[PDB]
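This is start.cif (mmCIF, C-alpha atoms and all ligand atoms).
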```
data_start
#
loop_
_atom_site.label_atom_id
_atom_site.label_comp_id
_atom_site.auth_asym_id
_atom_site.auth_seq_id
_atom_site.Cartn_x
_atom_site.Cartn_y
_atom_site.Cartn_z
CA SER I 1 0.00 0.00 0.00
CA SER I 2 1.15 3.50 -0.98
CA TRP I 3 0.38 6.93 0.49
CA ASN I 4 0.22 8.54 -2.96
CA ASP I 5 -2.36 6.06 -4.34
CA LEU I 6 -5.92 7.38 -4.46
CA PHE I 7 -7.35 3.87 -4.09
CA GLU I 8 -5.59 3.39 -0.74
CA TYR I 9 -7.83 5.98 0.93
CA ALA I 10 -10.87 5.22 3.04
CA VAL I 11 -11.51 8.98 3.00
CA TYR I 12 -10.10 11.09 0.17
CA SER I 13 -11.23 14.71 0.51
CA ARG I 14 -10.09 17.19 -2.14
CA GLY I 15 -11.37 19.98 0.08
CA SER I 16 -12.12 19.79 3.79
CA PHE I 17 -13.39 16.76 5.76
CA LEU I 18 -15.79 17.37 8.65
CA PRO I 19 -17.13 14.01 9.83
CA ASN I 20 -20.12 13.53 12.05
CA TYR I 21 -20.05 12.77 15.74
CA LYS I 22 -19.30 9.05 16.18
CA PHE I 23 -17.26 8.25 13.08
CA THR I 24 -14.89 5.32 12.87
CA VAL I 25 -12.63 4.65 9.93
CA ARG I 26 -11.07 1.18 10.06
CA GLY I 27 -8.19 0.59 7.66
CA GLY I 28 -7.14 2.49 4.59
CA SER I 29 -5.84 6.02 4.68
CA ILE I 30 -7.27 9.49 5.15
CA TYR I 31 -6.46 12.53 3.02
CA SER I 32 -7.71 16.09 3.04
CA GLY I 33 -6.65 19.03 0.91
CA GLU I 34 -7.95 21.60 3.43
CA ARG I 35 -9.17 21.42 7.05
CA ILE I 36 -10.03 18.31 9.08
CA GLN I 37 -12.29 18.98 12.05
CA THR I 38 -13.85 16.18 14.08
CA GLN I 39 -16.68 16.87 16.53
CA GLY I 40 -16.24 14.05 19.03
CA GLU I 41 -16.04 10.25 19.18
CA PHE I 42 -13.77 10.16 16.14
CA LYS I 43 -11.83 6.90 15.77
CA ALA I 44 -9.22 5.73 13.28
CA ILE I 45 -8.48 2.03 13.85
CA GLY I 46 -5.64 0.59 11.79
CA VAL I 47 -5.35 3.65 9.51
CA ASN I 48 -2.16 3.54 7.45
CA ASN I 49 -1.73 7.23 6.65
CA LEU I 50 -3.49 10.48 7.58
CA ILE I 51 -2.25 13.25 5.26
CA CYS I 52 -3.61 16.77 5.69
CA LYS I 53 -2.33 19.38 3.27
CA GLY I 54 -4.52 22.22 4.61
CA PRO I 55 -4.04 24.64 7.51
CA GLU I 56 -5.56 22.79 10.53
CA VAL I 57 -6.47 19.39 11.89
CA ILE I 58 -8.74 20.07 14.84
CA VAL I 59 -9.83 17.10 16.95
CA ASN I 60 -12.59 18.24 19.33
CA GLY I 61 -14.39 16.56 22.23
CA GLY I 62 -13.54 13.29 23.92
CA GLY I 63 -13.57 9.60 23.14
CA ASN I 64 -11.27 10.05 20.17
CA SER I 65 -8.83 7.25 19.47
CA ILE I 66 -6.45 7.53 16.49
CA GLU I 67 -4.07 4.79 15.27
CA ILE I 68 -1.61 5.67 12.51
CA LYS I 69 0.51 2.78 11.26
CA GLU I 70 2.81 4.75 8.97
CA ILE I 71 2.77 8.52 8.33
CA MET I 72 0.63 11.26 9.84
CA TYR I 73 1.53 14.35 7.80
CA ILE I 74 0.23 17.63 9.20
CA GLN I 75 0.96 20.47 6.77
CA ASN I 76 0.56 23.25 9.36
CA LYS I 77 -1.09 22.60 12.77
CA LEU I 78 -2.66 19.71 14.73
CA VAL I 79 -4.79 20.37 17.80
CA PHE I 80 -6.39 17.95 20.23
CA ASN I 81 -8.67 20.44 21.90
CA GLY I 82 -9.49 18.62 25.13
CA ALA I 83 -11.09 15.51 26.55
CA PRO I 84 -12.95 14.92 29.82
CA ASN I 85 -11.09 12.60 32.18
CA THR I 86 -14.19 10.41 31.85
CA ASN I 87 -13.81 10.12 28.04
CA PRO I 88 -10.14 10.66 27.17
CA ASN I 89 -8.43 10.71 23.78
CA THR I 90 -5.77 8.28 22.65
CA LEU I 91 -3.27 8.63 19.81
CA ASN I 92 -0.89 5.83 18.75
CA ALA I 93 1.10 6.92 15.74
CA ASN I 94 4.23 5.63 14.09
CA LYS I 95 5.60 8.83 12.50
CA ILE I 96 4.12 12.31 12.97
CA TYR I 97 5.12 15.49 11.16
CA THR I 98 3.73 18.98 11.70
CA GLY I 99 4.67 22.28 10.09
CA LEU I 100 4.99 25.69 11.72
CA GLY I 101 1.62 25.58 13.51
CA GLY I 102 2.71 22.77 15.83
CA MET I 103 0.92 20.03 17.76
CA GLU I 104 -1.24 21.01 20.73
CA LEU I 105 -1.96 17.94 22.86
CA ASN I 106 -4.53 19.11 25.35
CA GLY I 107 -5.31 16.63 27.96
CA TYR I 108 -7.11 13.72 29.39
CA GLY I 109 -5.40 11.68 26.74
CA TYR I 110 -2.51 9.30 26.17
CA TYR I 111 -0.61 10.35 23.06
CA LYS I 112 2.15 8.12 21.70
CA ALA I 113 4.38 8.76 18.71
CA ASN I 114 7.41 6.68 17.83
CA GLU I 115 8.90 9.45 15.68
CA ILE I 116 7.81 13.10 15.89
CA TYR I 117 9.13 15.92 13.70
CA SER I 118 7.86 19.46 14.00
CA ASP I 119 8.80 22.82 12.52
CA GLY I 120 6.81 24.36 15.41
CA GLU I 121 5.94 23.99 19.10
CA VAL I 122 4.72 20.71 20.57
CA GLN I 123 2.52 21.68 23.50
CA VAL I 124 1.49 19.06 26.04
CA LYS I 125 -0.88 20.60 28.57
CA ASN I 126 -4.07 20.34 30.63
CA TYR I 127 -3.17 16.83 31.92
CA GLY I 128 -2.15 15.46 28.51
CA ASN I 129 0.29 12.54 28.36
CA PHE I 130 2.75 12.41 25.48
CA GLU I 131 5.35 9.64 24.99
CA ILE I 132 8.13 9.59 22.38
CA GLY I 133 9.10 6.00 21.62
CA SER I 134 12.19 6.42 19.47
CA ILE I 135 13.05 9.93 18.16
CA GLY I 136 11.92 13.54 18.22
CA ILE I 137 13.11 16.64 16.36
CA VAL I 138 10.98 19.71 17.12
CA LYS I 139 11.36 23.47 17.32
CA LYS I 140 9.97 23.65 20.85
CA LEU I 141 8.49 21.35 23.46
CA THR I 142 6.44 23.04 26.15
CA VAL I 143 4.75 21.17 28.99
CA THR I 144 2.35 23.25 31.09
CA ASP I 145 -0.78 23.02 33.19
CA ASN I 146 -0.15 19.47 34.46
CA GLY I 147 0.97 17.91 31.19
CA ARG I 148 3.56 15.14 31.00
CA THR I 149 6.04 14.20 28.29
CA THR I 150 8.03 10.97 28.66
CA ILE I 151 11.08 10.13 26.57
CA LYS I 152 10.98 6.34 26.62
CA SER I 153 14.05 4.13 26.95
CA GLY I 154 16.31 4.19 23.93
CA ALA I 155 14.67 7.33 22.51
CA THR I 156 16.23 10.74 21.87
CA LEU I 157 14.37 14.05 21.73
CA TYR I 158 16.01 17.06 20.08
CA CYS I 159 14.40 20.47 20.47
CA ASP I 160 15.77 23.95 19.88
CA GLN I 161 13.90 25.08 23.00
CA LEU I 162 12.44 23.34 26.03
CA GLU I 163 9.93 25.06 28.31
CA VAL I 164 8.34 23.44 31.39
CA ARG I 165 5.85 25.34 33.50
CA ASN I 166 2.84 25.27 35.84
CA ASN I 167 3.35 21.69 37.15
CA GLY I 168 4.35 20.29 33.78
CA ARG I 169 6.58 17.24 34.07
CA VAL I 170 9.18 15.80 31.71
CA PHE I 171 10.35 12.28 32.50
CA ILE I 172 13.47 10.90 30.80
CA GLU I 173 13.65 7.16 31.10
CA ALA I 174 16.81 5.15 31.61
CA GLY I 175 18.73 4.94 28.37
CA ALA I 176 16.79 7.90 26.93
CA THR I 177 18.20 11.37 26.18
CA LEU I 178 16.74 14.87 25.81
CA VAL I 179 18.89 17.39 23.90
CA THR I 180 17.87 21.07 23.92
CA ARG I 181 19.63 24.27 22.88
CA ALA I 182 17.85 26.39 25.52
CA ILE I 183 15.76 25.60 28.60
CA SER I 184 13.35 27.39 30.94
CA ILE I 185 11.93 25.55 33.96
CA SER I 186 9.72 27.73 36.18
CA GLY I 187 7.21 25.76 38.23
CA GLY I 188 7.79 22.38 36.60
CA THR I 189 9.87 19.28 37.04
CA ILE I 190 12.27 17.07 35.13
CA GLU I 191 13.03 13.76 36.83
CA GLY I 192 13.91 10.24 35.75
CA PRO I 193 17.20 8.37 35.35
CA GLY I 194 18.02 9.42 31.78
CA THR I 195 20.34 12.07 30.38
CA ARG I 196 19.22 15.69 29.89
CA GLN I 197 21.64 17.83 27.87
CA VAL I 198 21.72 21.61 27.22
CA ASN I 199 23.94 22.64 24.29
CA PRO I 200 23.26 25.98 22.54
CA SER I 201 25.20 24.79 19.46
CA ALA I 202 23.82 21.26 19.23
CA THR I 203 23.65 19.60 15.82
CA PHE I 204 20.38 17.74 15.20
CA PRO I 205 19.93 14.87 12.74
CA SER I 206 18.17 15.44 9.46
CA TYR I 207 14.45 14.99 8.88
CA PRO I 208 13.72 11.70 7.11
CA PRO I 209 12.84 11.96 3.41
CA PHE I 210 9.10 11.17 3.58
CA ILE I 211 8.45 14.71 4.80
CA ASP I 212 9.67 16.40 1.65
CA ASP I 213 8.16 13.67 -0.56
CA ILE I 214 4.69 14.48 0.75
CA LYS I 215 5.19 18.24 0.93
CA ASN I 216 6.29 18.02 -2.71
CA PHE I 217 3.41 15.87 -3.99
CA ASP I 218 0.68 17.85 -5.79
CA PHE I 219 -2.28 15.58 -5.03
CA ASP I 220 -4.65 17.75 -7.06
CA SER I 221 -2.45 17.45 -10.13
CA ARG I 222 -3.28 13.74 -10.42
CA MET I 223 -6.91 14.32 -11.47
CA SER I 224 -9.12 16.74 -13.40
CA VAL I 225 -12.50 17.23 -11.75
CA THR I 226 -15.26 18.13 -14.20
CA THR I 227 -18.85 16.96 -13.57
CA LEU I 228 -20.03 13.86 -11.85
CA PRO I 229 -22.29 11.67 -14.02
CA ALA I 230 -26.01 11.13 -13.45
CA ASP I 231 -28.52 8.71 -15.12
CA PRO I 232 -32.36 8.98 -15.00
CA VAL I 233 -32.47 5.34 -13.87
CA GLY I 234 -32.97 5.44 -10.14
CA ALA I 235 -32.36 8.72 -8.32
CA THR I 236 -32.23 11.40 -11.02
CA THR I 237 -29.48 13.32 -9.17
CA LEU I 238 -27.10 10.33 -8.90
CA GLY I 239 -25.17 8.18 -11.29
CA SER I 240 -23.55 4.85 -10.65
CA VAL I 241 -21.48 2.02 -12.07
CA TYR I 242 -21.70 -1.46 -10.53
CA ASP I 243 -19.93 -4.84 -10.65
CA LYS I 244 -21.77 -8.09 -9.92
CA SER I 245 -18.75 -10.24 -10.83
CA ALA I 246 -17.25 -9.31 -7.44
CA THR I 247 -18.30 -10.87 -4.15
CA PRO I 248 -19.86 -8.95 -2.46
CA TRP I 249 -21.31 -6.80 -5.22
CA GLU I 250 -19.59 -3.45 -5.65
CA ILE I 251 -21.21 -0.19 -6.72
CA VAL I 252 -19.84 3.33 -6.87
CA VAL I 253 -22.39 6.13 -6.52
CA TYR I 254 -21.66 9.54 -8.06
CA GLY I 255 -23.48 12.59 -6.72
CA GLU I 256 -22.69 15.96 -8.32
CA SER I 257 -24.81 17.84 -5.73
CA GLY I 258 -24.38 15.46 -2.78
CA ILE I 259 -25.87 12.12 -1.75
CA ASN I 260 -28.60 11.25 0.75
CA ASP I 261 -30.12 8.02 1.99
CA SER I 262 -33.40 8.32 0.08
CA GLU I 263 -31.51 8.81 -3.20
CA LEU I 264 -29.11 5.98 -2.33
CA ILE I 265 -31.92 3.45 -1.75
CA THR I 266 -33.50 4.50 -5.06
CA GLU I 267 -30.27 4.42 -7.08
CA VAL I 268 -28.82 1.18 -5.69
CA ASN I 269 -32.04 -0.84 -6.10
CA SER I 270 -32.51 0.37 -9.66
CA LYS I 271 -29.09 -0.91 -10.72
CA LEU I 272 -28.98 -4.13 -8.67
CA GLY I 273 -32.63 -5.19 -8.40
CA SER I 274 -32.02 -5.21 -4.62
CA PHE I 275 -29.84 -3.64 -1.92
CA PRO I 276 -28.10 -6.39 0.07
CA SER I 277 -26.63 -5.45 3.41
CA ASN I 278 -23.19 -6.76 2.33
CA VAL I 279 -22.84 -4.45 -0.71
CA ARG I 280 -19.48 -2.70 -1.03
CA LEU I 281 -20.21 1.01 -1.40
CA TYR I 282 -17.92 3.64 -2.94
CA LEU I 283 -19.41 7.13 -2.55
CA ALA I 284 -18.05 9.96 -4.69
CA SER I 285 -19.59 13.38 -4.15
CA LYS I 286 -19.03 17.06 -4.92
CA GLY I 287 -21.28 18.16 -2.09
CA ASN I 288 -22.10 16.83 1.35
CA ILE I 289 -23.43 13.42 2.31
CA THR I 290 -26.54 13.39 4.50
CA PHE I 291 -28.22 10.40 6.10
CA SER I 292 -31.47 11.90 7.42
CA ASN I 293 -33.02 8.55 8.32
CA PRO I 294 -30.13 6.05 8.42
CA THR I 295 -32.24 3.13 9.76
CA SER I 296 -33.82 3.05 6.27
CA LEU I 297 -30.47 1.85 4.81
CA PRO I 298 -29.71 -1.91 4.99
CA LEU I 299 -26.20 -0.87 6.02
CA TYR I 300 -27.61 0.14 9.42
CA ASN I 301 -26.75 -2.31 12.20
CA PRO I 302 -29.34 -2.05 15.00
CA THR I 303 -27.06 -3.88 17.45
CA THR I 304 -24.22 -1.34 17.16
CA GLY I 305 -26.42 1.62 16.19
CA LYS I 306 -24.09 2.32 13.26
CA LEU I 307 -24.29 2.64 9.51
CA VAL I 308 -21.62 0.18 8.33
CA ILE I 309 -20.18 1.31 4.98
CA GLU I 310 -17.59 -1.09 3.55
CA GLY I 311 -15.66 0.64 0.74
CA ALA I 312 -14.51 4.28 0.62
CA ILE I 313 -15.64 7.90 0.32
CA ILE I 314 -14.21 10.39 -2.18
CA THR I 315 -15.29 13.98 -1.74
CA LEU I 316 -14.50 16.69 -4.25
CA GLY I 317 -16.05 19.88 -2.95
CA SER I 318 -14.10 22.65 -1.27
CA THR I 319 -16.00 21.83 1.92
CA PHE I 320 -17.48 18.47 2.94
CA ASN I 321 -19.79 17.45 5.80
CA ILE I 322 -21.13 14.03 6.72
CA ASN I 323 -24.41 14.47 8.57
CA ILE I 324 -26.50 11.72 10.11
CA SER I 325 -29.38 11.61 12.59
CA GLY I 326 -29.34 9.17 15.49
CA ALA I 327 -26.52 6.81 14.45
CA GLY I 328 -22.77 6.54 14.03
CA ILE I 329 -20.77 5.60 10.93
CA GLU I 330 -18.39 2.66 10.88
CA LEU I 331 -16.51 3.07 7.58
CA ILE I 332 -14.47 -0.09 6.91
CA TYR I 333 -11.97 0.48 4.11
CA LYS I 334 -12.15 -2.07 1.29
CA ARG I 335 -10.04 -1.54 -1.83
CA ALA I 336 -12.20 -1.40 -4.95
CA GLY I 337 -12.11 -3.96 -7.74
CA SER I 338 -11.03 -2.95 -11.20
CA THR I 339 -14.46 -2.19 -12.70
CA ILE I 340 -14.96 0.32 -9.91
CA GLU I 341 -11.42 1.72 -10.20
CA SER I 342 -11.81 2.07 -13.97
CA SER I 343 -15.06 3.96 -13.40
CA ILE I 344 -13.44 6.33 -10.87
CA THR I 345 -10.23 6.74 -12.89
CA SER I 346 -12.33 7.61 -15.93
CA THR I 347 -14.69 9.93 -14.02
CA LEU I 348 -11.97 11.97 -12.27
CA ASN I 349 -9.46 11.73 -15.16
CA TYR I 350 -7.08 10.24 -12.64
CA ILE I 351 -3.44 9.38 -13.39
CA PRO I 352 -1.92 7.12 -10.71
CA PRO I 353 1.68 8.18 -9.91
CA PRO I 354 3.88 5.02 -9.59
CA CA C 401 -29.56 7.57 -11.56
#
```
Would you give me this structure, written as structure tokens?
Ligand SMILES: [Ca+2]
Amino acid sequence: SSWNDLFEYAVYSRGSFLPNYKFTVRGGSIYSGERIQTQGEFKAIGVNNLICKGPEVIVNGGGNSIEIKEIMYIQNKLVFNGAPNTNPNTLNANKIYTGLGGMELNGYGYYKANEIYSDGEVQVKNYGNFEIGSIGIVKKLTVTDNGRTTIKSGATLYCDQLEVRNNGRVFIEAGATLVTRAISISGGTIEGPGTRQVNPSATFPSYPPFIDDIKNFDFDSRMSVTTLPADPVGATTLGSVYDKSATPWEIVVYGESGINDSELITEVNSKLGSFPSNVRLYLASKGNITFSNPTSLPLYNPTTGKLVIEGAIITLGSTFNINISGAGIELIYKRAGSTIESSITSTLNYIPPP
């Protein structure tokens, strides 16, 4: 699997991506060209990459749990806004990069990165817990307001500046090392059996190459968005292409002005003569997606209270909202078969990089 392949994404958003409350993506990758803003209970389980090339990624509320297996690229700023101690956030990420806007890890949360690189200030505050498993290279690390940052054994943090304040704590484990060019501890602690080194002329290692690779990739250049097709069969706003040679059946639904659940029931049944609960669904829309009555879709699971979409969602508008009434989404990534890829490649005039 490749981070520059459109068909690797569970969510590919050309513009922004504002999911509904209670949204789980399981597998695949997540891309947005502009802002990502999640309004609570957002979960990424087994996500390979999360690439955001816009100005913010704002994770709001509690109960968020994000797992990144490879690269989390944050073009400018990432902000976990704050979780109740009764519904804390978790982040487990392999490699994280942020640009100049930083990474604000507000608290009631356990945030782990194995590698962290940042052209800005990593803040850990308001009881947040941040652990670096192997390496860190950041402009600034500041722990305040009862935060905690642990350098785990074997790891090395490099930061140009280190600020600890208002009962912030930095723990350096045995065999770990923190290396800063300047330091300012007023009100906070640094303990632990590892080495802490102040060196105004320290030489840091180089960023790994994936950072520039992604910064340098013009995602938009790979496609030419024109109009999304529509047929009068079924919902007159939507178009679709389907594949019954696959198991389960696969259908991609195109909606130039958005998609809703009434239209989806109409369109799918017209093409398939039914709407089996196991259908693999690929939604491609230039407006929002709205499920006003999700229990009407056979994808709704009454036991979990979730719409279970197996497939992927491609959104092409500048702004994009998923809205749903009285249910959560469980989007399980499933790579499309070739009939569906050919339809999407044709529709978006897509040229895969390799
Ligand atoms: Ca139609």
Residues within 10 Å of ligand CA 401 (chain C), counting all atoms listed in the file, as a PyMOL selection string: chain I and resi 229-241+253-255+263-264+266-268+270-271
Long-range neighbours of range 45-55 of chain I as number ranges by chain, 6 Å cut-off, only C-alpha atoms, 5 positions minimum in chain: I: 26-35, 67-76
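Checking I:65, I:343, I:318, I:195 one by one against residue 14 in chain I, counting all atoms listed in the file, you find the shortest gap at I:318.
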Contacts of residue 281 in chain I at 8 Å (all atoms listed in the file; same-chain gap of 2+ positions) as a ChimeraX atom specification: /I:250-253,279,283,309-312
Exercise: residue 18 in chain I partners within 6 Å, all atoms listed in the file, chain neighbours under 2 positions left out, as a list in words: residues 36, 37, 38 and 321 of chain I
Expected answer as a PyMOL selection string: all residues with atoms within 12 Å of (-15.7, 15.7, 9.4), all atoms listed in the file: chain I and resi 11-13+15-25+30-32+34-43+57-60+288-289+313+315+319-324+329
Residue nearest residue 106 in chain I - candidates I:161, I:89, I:118, I:346, atoms counted: only C-alpha atoms: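 Checking each candidate against residue 106 in chain I, we get I:89 as the closest.
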Neighbour residues at most 10 Å from (0.4, 10.2, -6.7) (all atoms listed in the file) as a list in words: residues 2, 3, 4, 5, 6, 214, 217, 218, 219, 220, 221, 222, 223, 350, 351, 352, 353 and 354 of chain I
Pick out the residues sitting within 9 Å of residue 88 in chain I, and hand them over as a JSON list (two decimals) with C-alpha atoms, in the coordinates of the input; count only C-alpha atoms, and ignore anything fewer than 5 positions along from it in its own chain.
```json
[["chain", "number", "residue", "atom", "x", "y", "z"],
["I", 61, "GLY", "CA", -14.39, 16.56, 22.23],
["I", 62, "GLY", "CA", -13.54, 13.29, 23.92],
["I", 63, "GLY", "CA", -13.57, 9.60, 23.14],
["I", 64, "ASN", "CA", -11.27, 10.05, 20.17],
["I", 65, "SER", "CA", -8.83, 7.25, 19.47],
["I", 82, "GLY", "CA", -9.49, 18.62, 25.13],
["I", 83, "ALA", "CA", -11.09, 15.51, 26.55],
["I", 107, "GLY", "CA", -5.31, 16.63, 27.96],
["I", 108, "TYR", "CA", -7.11, 13.72, 29.39],
["I", 109, "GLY", "CA", -5.40, 11.68, 26.74],
["I", 110, "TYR", "CA", -2.51, 9.30, 26.17]]
```
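One distance worth recording is that between CA of residue 155 in chain I and CA of residue 112 in chain I, which is 12.6 Å.
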Length of the CA of residue 291 in chain I to CA of residue 242 in chain I vector [Å]: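 So the answer is 21.4 Å.
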Please, could N, CA and C atoms be added to range 166-190 of chain I and the result written as a PDB file, in the coordinates of the input?
```pdb
ATOM      1  N   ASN I 166       4.100  25.544  35.155  1.00  0.00           N
ATOM      2  CA  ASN I 166       2.840  25.270  35.840  1.00  0.00           C
ATOM      3  C   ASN I 166       2.575  23.779  36.059  1.00  0.00           C
ATOM      4  N   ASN I 167       3.467  23.101  36.782  1.00  0.00           N
ATOM      5  CA  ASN I 167       3.350  21.690  37.150  1.00  0.00           C
ATOM      6  C   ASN I 167       3.462  20.737  35.964  1.00  0.00           C
ATOM      7  N   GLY I 168       3.920  21.212  34.812  1.00  0.00           N
ATOM      8  CA  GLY I 168       4.350  20.290  33.780  1.00  0.00           C
ATOM      9  C   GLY I 168       5.472  19.405  34.276  1.00  0.00           C
ATOM     10  N   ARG I 169       5.544  18.199  33.720  1.00  0.00           N
ATOM     11  CA  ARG I 169       6.580  17.240  34.070  1.00  0.00           C
ATOM     12  C   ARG I 169       7.181  16.672  32.794  1.00  0.00           C
ATOM     13  N   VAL I 170       8.504  16.560  32.752  1.00  0.00           N
ATOM     14  CA  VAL I 170       9.180  15.800  31.710  1.00  0.00           C
ATOM     15  C   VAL I 170       9.934  14.671  32.389  1.00  0.00           C
ATOM     16  N   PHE I 171       9.666  13.443  31.977  1.00  0.00           N
ATOM     17  CA  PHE I 171      10.350  12.280  32.500  1.00  0.00           C
ATOM     18  C   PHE I 171      11.243  11.698  31.414  1.00  0.00           C
ATOM     19  N   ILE I 172      12.524  11.531  31.715  1.00  0.00           N
ATOM     20  CA  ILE I 172      13.470  10.900  30.800  1.00  0.00           C
ATOM     21  C   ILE I 172      13.803   9.520  31.341  1.00  0.00           C
ATOM     22  N   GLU I 173      13.448   8.492  30.582  1.00  0.00           N
ATOM     23  CA  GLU I 173      13.650   7.160  31.100  1.00  0.00           C
ATOM     24  C   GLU I 173      15.107   6.755  30.969  1.00  0.00           C
ATOM     25  N   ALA I 174      15.457   5.681  31.674  1.00  0.00           N
ATOM     26  CA  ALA I 174      16.810   5.150  31.610  1.00  0.00           C
ATOM     27  C   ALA I 174      17.156   4.796  30.171  1.00  0.00           C
ATOM     28  N   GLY I 175      18.339   5.198  29.732  1.00  0.00           N
ATOM     29  CA  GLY I 175      18.730   4.940  28.370  1.00  0.00           C
ATOM     30  C   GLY I 175      18.151   5.904  27.357  1.00  0.00           C
ATOM     31  N   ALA I 176      17.288   6.831  27.781  1.00  0.00           N
ATOM     32  CA  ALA I 176      16.790   7.900  26.930  1.00  0.00           C
ATOM     33  C   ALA I 176      17.655   9.154  27.088  1.00  0.00           C
ATOM     34  N   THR I 177      17.410  10.141  26.226  1.00  0.00           N
ATOM     35  CA  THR I 177      18.200  11.370  26.180  1.00  0.00           C
ATOM     36  C   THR I 177      17.372  12.513  25.602  1.00  0.00           C
ATOM     37  N   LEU I 178      17.346  13.642  26.303  1.00  0.00           N
ATOM     38  CA  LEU I 178      16.740  14.870  25.810  1.00  0.00           C
ATOM     39  C   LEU I 178      17.862  15.852  25.518  1.00  0.00           C
ATOM     40  N   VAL I 179      17.841  16.467  24.334  1.00  0.00           N
ATOM     41  CA  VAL I 179      18.890  17.390  23.900  1.00  0.00           C
ATOM     42  C   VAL I 179      18.257  18.700  23.453  1.00  0.00           C
ATOM     43  N   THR I 180      18.461  19.766  24.228  1.00  0.00           N
ATOM     44  CA  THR I 180      17.870  21.070  23.920  1.00  0.00           C
ATOM     45  C   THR I 180      18.956  22.130  23.812  1.00  0.00           C
ATOM     46  N   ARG I 181      18.697  23.156  23.006  1.00  0.00           N
ATOM     47  CA  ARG I 181      19.630  24.270  22.880  1.00  0.00           C
ATOM     48  C   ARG I 181      19.403  25.357  23.923  1.00  0.00           C
ATOM     49  N   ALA I 182      18.187  25.458  24.460  1.00  0.00           N
ATOM     50  CA  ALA I 182      17.850  26.390  25.520  1.00  0.00           C
ATOM     51  C   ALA I 182      16.719  25.798  26.350  1.00  0.00           C
ATOM     52  N   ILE I 183      16.640  26.219  27.612  1.00  0.00           N
ATOM     53  CA  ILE I 183      15.760  25.600  28.600  1.00  0.00           C
ATOM     54  C   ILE I 183      15.195  26.687  29.505  1.00  0.00           C
ATOM     55  N   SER I 184      14.012  26.419  30.063  1.00  0.00           N
ATOM     56  CA  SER I 184      13.350  27.390  30.940  1.00  0.00           C
ATOM     57  C   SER I 184      12.358  26.623  31.806  1.00  0.00           C
ATOM     58  N   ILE I 185      12.751  26.327  33.036  1.00  0.00           N
ATOM     59  CA  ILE I 185      11.930  25.550  33.960  1.00  0.00           C
ATOM     60  C   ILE I 185      11.522  26.477  35.088  1.00  0.00           C
ATOM     61  N   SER I 186      10.273  26.942  35.076  1.00  0.00           N
ATOM     62  CA  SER I 186       9.720  27.730  36.180  1.00  0.00           C
ATOM     63  C   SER I 186       8.391  27.118  36.608  1.00  0.00           C
ATOM     64  N   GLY I 187       8.408  26.366  37.701  1.00  0.00           N
ATOM     65  CA  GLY I 187       7.210  25.760  38.230  1.00  0.00           C
ATOM     66  C   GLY I 187       7.078  24.289  37.939  1.00  0.00           C
ATOM     67  N   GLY I 188       7.893  23.756  37.029  1.00  0.00           N
ATOM     68  CA  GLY I 188       7.790  22.380  36.600  1.00  0.00           C
ATOM     69  C   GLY I 188       9.009  21.547  36.971  1.00  0.00           C
ATOM     70  N   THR I 189       8.911  20.270  36.630  1.00  0.00           N
ATOM     71  CA  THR I 189       9.870  19.280  37.040  1.00  0.00           C
ATOM     72  C   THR I 189      10.465  18.580  35.820  1.00  0.00           C
ATOM     73  N   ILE I 190      11.705  18.122  35.966  1.00  0.00           N
ATOM     74  CA  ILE I 190      12.270  17.070  35.130  1.00  0.00           C
ATOM     75  C   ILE I 190      12.928  16.059  36.049  1.00  0.00           C
TER      76      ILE I 190
END
```
